[PDB]
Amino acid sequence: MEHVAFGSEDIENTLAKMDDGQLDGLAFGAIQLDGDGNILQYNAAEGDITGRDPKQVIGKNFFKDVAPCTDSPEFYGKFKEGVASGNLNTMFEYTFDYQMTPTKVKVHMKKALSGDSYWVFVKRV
C-alpha cells in the first residue's frame, strides 16, 4: 500500500510523484482528468468500485463516454467551473449507477499541481 489518507490537505503534492503503478497502491479510487474531462489516469481501486477496466478507459471522456451519471450540475457542473476558475477543491457524496449496482461514494475533486490536470478521488461510504 501507498500510505496517503483520503482528503489529506497536501494530497496533490504527494500524488505528484506517483506513476500508474504507484497509483494502483492507493486505498481509494483515483482518476486524473485533463481540462476537457478526458481520462489521463485511472487506478485499480476505482476499477474495483465501478467494474471498469483501467486500461480500457484511459483516453476516453469521463463525462460523455464513461460516466454519464456524473453529467449533471452536481458533479460535471462543479468540475467545469473549477476548470474555468483554475481552482477546485470540493468534497461531496454521490451515487454511481450507470451499468452497475447503485453505489454510494464520497467524491473529492482537486486541482493537481500541474497546470491543466484534475484529480477525482473516490471511496465507499
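Numbering starts at 1 and follows the sequence shown.
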{"item": "Stretch with the higher entry mean CA B-factor, where the candidates are 100-108 and 15-23", "value": "15-23"}
{"item": "Stretch exceeding the other in mean C-alpha B-factor - 24-32, 78-86", "value": "78-86"}
{"item": "Residue of maximum C-alpha B factor among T95, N61, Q56, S72, per deposited coordinates", "value": "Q56"}
{"item": "Relative C-alpha B-factor of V4, binned into the chain's lowest, middle or highest third", "value": "highest"}
